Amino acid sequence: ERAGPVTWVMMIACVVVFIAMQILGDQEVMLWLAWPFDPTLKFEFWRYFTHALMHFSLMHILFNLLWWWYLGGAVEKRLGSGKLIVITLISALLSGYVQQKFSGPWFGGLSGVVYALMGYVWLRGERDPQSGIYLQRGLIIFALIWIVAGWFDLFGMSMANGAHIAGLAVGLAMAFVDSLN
């Protein structure tokens, strides 16, 4: 009937951050939540994850949260809250790492995690149908189009290319690991 606690808390956290970005301004929030951009911020551990909470426009937040609501909700319903938490932390940390390596620390959004969820849900359904999870055919198409659009720069927004490839890789790797018996 409805989104579980992890699915919901991420959505609420993203909205709360988005409101703060409108009231305070984007830069001021980025100072607090971006991947560490100076050696003095290296132990502010939250920053390795909170880049995923920031969004820069209406279309940016809407489409990230629409995919998260669907895929995160499915993961949480079929595999449980803890599974969603771990996929979220791994994809956020690793996608941030690769993005910062390619292009520095000034990036944000939930799409490293989303692309991990796309790969994860699709591959786990293919390799481990008895899990009870899968990516419905029609959504495979739209997930594929979303991948193509990120990769070929079709969104009309500068792309976190490193985050995208690293997230999708993570999600596939986790599905692989999880499908072994």
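In this text, residue numbers run from 1 along the sequence as written.
Relative to its counterpart among 23-31 and 58-66, 23-31 has the higher mean temperature factor, C-alpha atoms as listed in the PDB entry.
The stretch with the higher mean CA B factor, choosing between 43-51 and 127-135, is 127-135.
Residue-level inspection of the entry shows that, of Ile85, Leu94, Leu110, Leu79, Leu79 has the top Cα B-factor. Per-chain ranking of the deposited C-alpha B factor places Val121 in the middle third. When the modelled residues of the chain are ordered by C-alpha B-factor, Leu144 sits in the highest third. For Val9, the recorded CA B-factor ranks within the middle third of the chain. Only modelled residues enter the ranking. The entry lists a Cα temperature factor for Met159 that places it in the middle third of the chain's modelled residues.
The entry lists a Cα temperature factor for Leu89 that places it in the lowest third of the chain's modelled residues.
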